[PDB]
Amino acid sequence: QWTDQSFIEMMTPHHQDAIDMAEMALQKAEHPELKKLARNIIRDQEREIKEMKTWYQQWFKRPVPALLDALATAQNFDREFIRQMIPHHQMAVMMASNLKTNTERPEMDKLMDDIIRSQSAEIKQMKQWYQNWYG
């Protein structure tokens, strides 16, 4: 079971990976649906990293401890982007749901709701797009 401290420690690099993937999409994605999704992921998840970073220092009096090829060389970026981003998002929703029943902090509770709602929604849309484009 996650604590607020451990959650931020794992979710931050996790969110940062989604952001980096999304950055590639801005250059490498062919579907405009994906570029839109990418800008959303970048905006929402960078905001959440900033919030988590800020809260971590207030609560724990120290900064957040600092702890490819299929996507890089790819000729079919849009396809492999979704293949990666779906289970990635599912992992975030899973971690957020876990913390949500353990946490006592109202700001963590609300952040979990955002992660769960926004990323579940992007999962639905990506599955539908995968079906339309590659089904």
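Quick note: we count residues from 1 along the sequence shown, nothing fancier. Between two forms, the rigid core is defined as the largest C-alpha subset superposing within 1.5 Å.
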Stretch departing more from the displayed form, 105 to 113 or 74 to 82, Cα RMS in 4 other deposited structures of this protein (core fit):
74 to 82
Quick check on residue 67: across the other compared entries (only those modelling residues on both sides), is it unmodelled in a third or more?
yes
Deposited residues absent from the coordinates between residue 72 and residue 73, none, 1 to 3, 4 to 9, or 10 or more?
none
Greater mean Cα temperature factor according to the PDB record, 94 to 102 or 57 to 65
57 to 65
According to the Cα B-factor stored in this entry, which of the following is highest: 29, 52, 86, 38?
29
Tertile call for residue 79 (CA temperature factor, within chain, third-based) is the highest
Chain-relative C-alpha B factor for residue 11 (record values, thirds): the lowest
By the entry's values, the third containing the CA B factor of residue 21 is the middle
